[PDB]
Every structure is written in structure tokens, then in C-alpha cells.
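> The data below comprise the sequence and an experimental structure of the protein.
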Amino acid sequence: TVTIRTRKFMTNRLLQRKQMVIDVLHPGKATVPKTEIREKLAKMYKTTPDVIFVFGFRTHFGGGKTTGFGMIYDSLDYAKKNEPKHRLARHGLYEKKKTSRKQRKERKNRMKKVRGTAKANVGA
Amino acid sequence: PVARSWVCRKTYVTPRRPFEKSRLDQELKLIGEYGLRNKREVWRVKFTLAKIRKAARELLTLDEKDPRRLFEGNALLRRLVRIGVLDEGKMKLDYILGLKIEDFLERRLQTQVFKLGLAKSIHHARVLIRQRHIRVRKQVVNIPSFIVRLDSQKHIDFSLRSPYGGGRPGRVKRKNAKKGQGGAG
Amino acid sequence: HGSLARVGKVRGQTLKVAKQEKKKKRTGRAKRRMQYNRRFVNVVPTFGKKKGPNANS
Amino acid sequence: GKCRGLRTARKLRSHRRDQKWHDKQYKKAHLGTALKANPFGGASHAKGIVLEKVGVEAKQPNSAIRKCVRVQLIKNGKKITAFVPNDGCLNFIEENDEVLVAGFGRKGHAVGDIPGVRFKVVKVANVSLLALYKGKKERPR
RNA sequence: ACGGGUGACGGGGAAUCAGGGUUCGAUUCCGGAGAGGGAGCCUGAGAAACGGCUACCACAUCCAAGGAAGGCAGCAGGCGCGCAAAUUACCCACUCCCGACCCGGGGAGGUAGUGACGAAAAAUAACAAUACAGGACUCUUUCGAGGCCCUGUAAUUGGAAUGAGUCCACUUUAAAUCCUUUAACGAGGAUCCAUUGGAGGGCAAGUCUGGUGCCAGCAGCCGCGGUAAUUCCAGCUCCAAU
């Protein structure tokens, strides 16, 4: 007894995708996890779960109904290409480096003192 | 520079006079028939009335056929006739003035659970609303203040998800139902 | 009678005896409803002169 | 109005200005002498170094010695007679303790019996002497 | 006119309002000005620039004593002037800028923290039965009967509800938190305990008890206190906002 209905559908030939407002009815249980939601669209649009991306869900007072803005693509090749990083990181296929912007600003202003191929020795 | 609004107003004005004998008696029985919780509550049903009434005298200064008055006529009126304060047979807007505080105070949801065959006393009703029991087309209102539309009124009831309607046994019924199992064993 | 020697005299020499107990107070509408009854829905139009609500002859 | 002409407009307007300087609650306002005198200089509170406790007599019909203080302020370095309010609270100023002085009711105009005195106490060093009366806070050692 | 003063940056606007008016406007939009105090210029389409440059004045950072550089009215912070105002926290995800760029960078901006400056929704109980007190009404000159419609306050007795809370995970998101959703547990003094001010009169509410004895104090104005205080100090009661 979990039931999905799409809403406001469009296709970007020029971004290579399906986009639409996914709409949910869920009387009785807590709001639902997204590896459940993905795989239920996958026989609404008979692709794999892999390509599809659904983010953002505001819920409804009294319990009942939530509202998302999922979007479906063509191939994985393109799915890394034309889409944000955070919305790959979630699905386990991008990882940015291990220094937050404390380190990196200290290290710019010590290169700024040193001159020439002396600049490489400040970095290890 | 920032990405915000600052926008807001008050909703109630306080009377020039303090310590009277003719007014201290009449605002305190508005708290009895309907079950309001403080003065403030009362003072703002008025301020919304007062507001309507000054615009009406603004329009009556104008001539008939003046195109602002016709348009802003209709609006000001229908705006009181989708929610049954004025009635169909008073389009004319002298009738808007002779129009008083008690008709606003009985559209409020609080009063609309006392009158309809679903609450025993009125002071029960302002505790049915706030304990999230009752709903208005599949949507739970939690708020007495809610002024009610005349389209809606036939759709008020007990929410599906409730012990006072359809559902699973509650906190205190099910505990002393669960206590009877713990006692015999 | 009283330079700056003579001060606190009476807050001093009064008979500091304790305050009493009583049953617990109510607030909100639940209160207000309380007073609504007192002054209106019940009472008798009593003969002649009305005694105030804190009255003692 | 008295000079009813249609193009008078300035004759009319040079006369009220002239006039309004006769107004008191205004001139007291529109010259620098009101703020030259004033201890607070233009302000709602201002703190100061106490220096001696002092009893002032009251004026007639009434009689009863009234308990005051003599403060030196900070900013100006000026000296004011002030006045404690509650019963038995003078036992709480020690000499050269600090106080937050305030006004007293009616702005540059005293209250009742006590002559000269236009100022009074709210605090005694970071906690209000109201509280001390009740006893809701007590004093450091 | 000229001179002086202004607790004077200007303007879109703000508070008060029968009509007419009187005050305010350093501040998220436009226009001006300035980067401790004056002066002057290199580079340029665009500077008399100052997180560019050279002096002098006021001040401040090291020296192996010859020398050498410094300017938060940018963000955080801290000493001072005070009646008087927060974290040396986290990102380019949004928003837009710059560049040789679809690819970097941005205390500009975004997001959490402290915040009773102000504005808006809104808990501190609700419902049954047993004592008890008042008005119809059918009848009684008056007792009593029915109380159908109730009307009310009582550490009498009874279970129904809930939001404060503790806590698995979904959701939120650049990563968190918050609100929204959800199992598990969570109320009879519902101790899971509402204050702040007043009671002679203006002006709502005690000619009540127990202290003081023009003293101590109250009282914005008129006044109180003279060894029977409707006013101080306090015991029970009570009114007005909440």
C-alpha cells in the first residue's frame, strides 16, 4: 500500500533526460527510504534503478503525502557528465579530496612568500 | 545586504480607556459562549471587523458608476459571502456596516465542532482541535482561529487516523488493557 | 526621632510568622471560564444594595 | 488665524516661529541650557561612586527624616544627592559602593516631601537592590 | 544677502493620526564622502587608489646599534568610551562576480551558534457518576413530588484523551541541526506546581485580622502615619494583563 504518481513531466533533448515531480501517498508509516522509491520507478519507466535520481522531499502535516523532483537520464556515461557531484556521492560514484578549507588557505600564503622552483619544497 | 524579508504587522489594538464599568462586563461573556482563552483573542476579531468597516466608508464617498467602486465593491462583498457572514440578498453595501462581532466568532472552527453533532460542550471543542483529532477534507487543523469557508462546512469530521474514529487502540485504553494481562499473570 | 541609627526599625520588629498552605491554582481559559460563571450565568438579582466580591460587612 | 490674505503665507509663517519660542516645554527644548545643567547630560541612567550616607528632613505637614545618598558620577565627575527607596535598604549601601542611578518620575521635578532630590537607585553593583529587599539574591564577601 | 550655529550626510521612507497636522530617518535601494591626520603622484579605458607607491606630522613592530617594515570605518576577535550591542565556528551546493576558463577562486554571499530588539500561531486540562445549592415548569396560600431542560463548586469516586519529554530510523542537506512524518516508553497534588503589579479617591477590588505609635516608611497629583491606620510592616481574602 505505497503508491506513486508523477506530475508535470518534460524532456530535455538538450540535457539528455526525463524530469518530473514525483508525488507520494503513504498513509500509516514513517516517510520512506529512497532505495525503495528509486526501484519503484524502475518498472514505471522499465530501466535499471542505476540512472534515476530523486532528491528533496517535503512531507505533510497530519501524515499522508510527500513531494519530490526526481529525474531520469539515458546512460550512465552521461549521468556523471551532466549532473552535480553531491548527487553522485550519495549513490557511491564520486569522492572529493581530504582537506577542508582551513588547510588550503594556510598553504597558499607560504607559496606567496617563496619564489621560483623553490615553491615546490614548501609542499613536502 | 541580505536574503530575507523583515515584513510583519500586529493584529490587535488596545482601548484608549483602562478602568471602565460598561466594557469590563461585555468582553468576558464572549469568553463563555464560544470558549476563548484570553482577551487578546477577542480584541482581534474586532480589529478585522474594524478594518473591513473603514474601507466600506471609503467607497461610499465615491459616486455610483465610478469603476473602482464597482470592482472593489464586488470583491469586498464576495470576500464576506464565500464564508457566510453576509447573505446572498445583501449585495448592496450599506448592509456591510450593520454587521457585528458575533457572526465572525461562530465561523472559527472551535465553535464549528460544538454545533454539528460532534462535541458535548464547547470547552470540549478547543481540546478536540488541539489534540489533533479533527479534519477538514483529509487535512488536520490544529488551530481554533481557522475561519471556516461555507463551501467546506459539510466536510468536517473525525480524522481516519484516530481512536475517536477508525484506528488502533490508544495510550491509556491499551495500557489498562495491557495491565489486565500483566495482573492475571 | 531617628538619625541614621533608627533605620529598618519596623521591617525588623514585626512578628515574622509564616505564610499558609493551599490547593493548586489554575490558569488559561480553564480559569477565565471559572469567573465567567461567578458573575453571570447563575446568580440571583439580590434585593437592594450589592456587596462587592471581596466583601466583609 | 487673523491676517487672512491669499498671498500672505510668509507674514503668517514668520509670526508662529517667533511665537513658539515663548512656548516653555519647547524652549526648554530648543536651547543648549537644558543639557548643559543636567547631570546625566541627556540620558536614562548613569552610574557613580557613592561617598557618604545622608538623611534629609521632609517638608511640612509631613515630617520624618528621609534617607539619601550623595553620589559622584563617572562621565562628568559630578556630585548628586540621590535617595534610596525601600524600608531598611540603606543598611545595603556601604560607603563608596557603586550604584545605577535613575530618574524619579516627572523629569527634572522632584516627588513629594524631599527638597532638591530628583534621582534614585535601581542597582548596587550588577544586581538590583529590589532583589536584595525580597532576598532573592544576597551580597558577596 | 553676508555672518554664525545645528546632538545636520541627501533621497526612496517611519511613528502618530476625524479632517488639518507635529516628530524621526547612522541603517538591506539610489546618489554623495572617507579609509589615523594633511599633501602628491607612478601604472592605466577607468585612481589623486591607498588589503598601490614617496614624504612630513600624531602614534606603533623587531635589531648582533649599522639598519629594517608597519594603517580590521573588510570577517571573526580584543583593549578602551560607556546606561549601551553575539562565534578568533562551516561551504562555493544556491545566489551572482572575475579570468587565458563548460575545469580555479570569492569572510561578496550561503549555513549553524549566542539573541524575552521587535512581529505571528498557541499548552498549564476535558468528561462521567455520588454527595450538596439555585430557577423555571406540572401542582402547592406555604410543605413536599417530577426535575424532563439543567445551572453550579467539592484533596468524594471513576476510567477515557493528549501534549511537555526520553529515543530506533527514514526525511532535511554542500555535510549537520531545526520543523514535517513513526514504532518503543512517558500524568491525579495531572509537584510535568505562572507570573508581575494593585485594593481611600482619580481608576478595577476589604470600613477584615495580627505589628508600629509623625518613628520606620508610603504617596507620580490630593494625601496617609498623632498608641482603635480602609493607605506603612506584614496574616487570610480580592481586581487587572498574562
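Done, it's in. Numbering: from 1, shown residues only, chains lettered A, B, ... in the order given.

> Now residue D:52, what are its backbone angles?
phi -160, psi 150 (degrees, to the nearest 10).

> tally of neighbours for it?
Using other CB atoms under 10 Å in any protein chain shown, residue D:52 has 11 other residues around it. Yep, even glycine has a C-beta here, placed from its N, CA and C like the rest.

> again with residue D:58
Counted with other CB under 10 Å, residue D:58 comes out at 14.

> Can you report phi and psi for residue A:12?
phi -90, psi 110.

> What residues does it make contact with?
Residue A:12 sits next to residue A:19 when contact means CB atoms under 8 Å, 6 or more residues apart in numbering or on different chains.

> For it, give the beta-bridge partners.
For residue A:12, the beta-bridge assignment (DSSP bridges) gives partners residue A:17.

> OK, now which residue of chain D is nearest to chain A?
As assessed by CB to the nearest CB, chain A sits closest to residue D:126 within chain D, at 38.7 Å.

> same for the helix ranked longest in chain C, what does it pack against?
Determined from DSSP state H, the single longest helix within chain C is helix C:28-36. Helices and strands touching helix C:28-36, by 3 or more CB pairs under 8 Å, 6 or more residues apart in numbering or on different chains; DSSP states H and E, are helix B:122-128.

> Could you verify my assumption that residue D:92 touches residue D:121?
No: counting by CB atoms under 8 Å, residue D:92 does not reach residue D:121; the two are 9.6 Å apart.

> shared neighbours, these two?
residue D:129.

> So for the two, which residue has more residues nearby?
Legend: neighbour count by other CB under 10 Å for residue D:92 and residue D:121, higher for residue D:121 (23 against 15).

> Three-state assignment for the more buried one, please.
Residue D:121 falls in the strand class when you classify it by DSSP: H, G, I helix; E, B strand; the rest coil.

> wait, what's in contact with residue A:28?
Applying CB under 8 Å, 6+ apart to residue A:28 gives the contacts A:1, A:63, B:161.

> How much space separates the residue of chain D closest to chain A from residue B:164?
For residue D:126, the distance to residue B:164 equals 55 Å [CB to CB, to the nearest Å].

> Which of those two has more residues huddled nearby?
Higher neighbour count among residue D:126 and residue B:164: residue B:164, with 13 against 9, using other CB under 10 Å.

> Excluding residues flanking it in the chain, which one is nearest the more buried one?
Distances taken as CB to CB, 6 or more residues apart in numbering or on different chains put residue B:158 closest to residue B:164, at 5.3 Å, once the chain neighbours are dropped.

> So the one you found is in contact with residue B:134, correct?
Yes: Residue B:158 is in contact with residue B:134 according to CB under 8 Å; the separation is 6.1 Å.

> Can you pull the residues that touch both of the two?
Taking CB under 8 Å, 6+ apart as the criterion, residue B:158 and residue B:134 both touch residue B:118.

> Nearest to chain A: which residue in chain B?
Closest point on chain B to chain A, by CB to the nearest CB, is residue B:140, at 3.6 Å.

> Now for that residue: which residues touch it?
Residue B:140 neighbours (CB under 8 Å, 6+ apart): A:61-62, B:132, B:134, B:159.

> hmm, 10 Å instead?
The contact partners of residue B:140, taken as CB atoms under 10 Å, 6 or more residues apart in numbering or on different chains, are A:60-64, B:129, B:132-134, B:159, B:161-162.

> now, which of those residues sits nearest RNA strand E?
Nearest to RNA strand E out of the contacts of residue B:140 is residue A:63 (CB to the nearest atom of the strand; 3.3 Å).

> tell me the centre residue of chain B?
residue B:108 (2.0 Å; CA atoms, centre = their mean).

> Return the distance of the spatially closest residue to that residue that is not a sequence neighbour relative to residue B:131.
Of all residues not flanking residue B:108 in the chain, residue B:144 sits nearest, at 5.9 Å (CB to CB, 6+ apart). Counting by CB to CB, the gap from residue B:144 to residue B:131 is 12 Å.

> For the nearest residue to residue B:80 once chain neighbours are set aside, give its distance to chain D.
Once flanking residues are discounted, residue B:80 sits nearest to residue B:86: 4.5 Å by CB to CB, 6+ apart. Residue B:86 sits at a distance of 46 Å from chain D (criterion: CB to the nearest CB, to the nearest Å).

> Is residue B:86 in contact with residue B:97, as I believe?
No: with contact defined as CB atoms under 10 Å, residue B:86 does not count as touching residue B:97 (11.2 Å).

> what about residue C:3, how many neighbours?
Residues contacting residue C:3 under the criterion other CB under 10 Å number 8.

> Can you tell me the closest non-neighbouring residue to it?
Using CB to CB, 6+ apart, the closest residue to residue C:3 is residue D:55 (6.3 Å).

> again, but for residue A:41
residue A:52 is the one closest to residue A:41 (CB to CB, 6+ apart), at 5.7 Å.

> Spell out which parts of chain C neighbour chain A.
By CB under 10 Å from any CB of the partner chain, no part of chain C sits against chain A.

> who in chain C is up against chain B?
Taking CB under 10 Å from any CB, the part of chain C that reaches chain B is made up of C:27-33, C:35-37, C:39-41.

> Show me just the buried residues among the residues you listed.
By neighbour count, with 16 or more other CB atoms under 10 Å in any protein chain shown, these hold C:29, C:32-33, C:36 as buried.

> Kindly indicate which of the residues you listed lies nearest chain D.
residue C:32 (29.3 Å).

> got a list of what the closest one touches?
Per CB under 10 Å, 6+ apart, neighbours of residue C:32: B:28, B:31-32, B:35-39, C:26.

> Report the buried members of the residues you listed.
If we count by 16+ other CB under 10 Å, the contacts of residue C:32 have these buried: B:28, B:31-32, B:35-37.

> show me which of these neighbour RNA strand E.
residue B:37 (CB under 7 Å from any atom of the strand).

> Specify which member of the buried ones among the contacts of residue C:32 is nearest to residue B:8.
residue B:37 (22.5 Å; CB to CB).

> Excluding covalently adjacent residues, which one is nearest to that closest one?
Closest to residue B:37 by CB to CB, 6+ apart is residue C:29, at 4.0 Å.

> go on, residue B:112?
Of all residues not flanking residue B:112 in the chain, residue B:148 sits nearest, at 5.4 Å (CB to CB, 6+ apart).

> my guess is that neighbour meets residue B:134, correct?
No: using CB under 10 Å, residue B:148 makes no contact with residue B:134, being 12.0 Å away.

> Of the residues of chain C next to chain B, which fall within the contact range of RNA strand E?
Among these, proximity to RNA strand E is found for C:27-31, C:33, C:35, C:37, C:41 (CB under 7 Å from any atom of the strand).

> what ranges do the helices span in chain B?
Under DSSP H, chain B gives helices at B:39-60, B:67-81, B:102-105, B:109-114, B:122-128, B:172-184.

> Establish whether the first one and RNA strand E are in contact.
It refers to helix B:39-60. Yes: with CB under 7 Å from any atom of the strand as the measure, helix B:39-60 is seen reaching RNA strand E through B:39-41, B:43-44.
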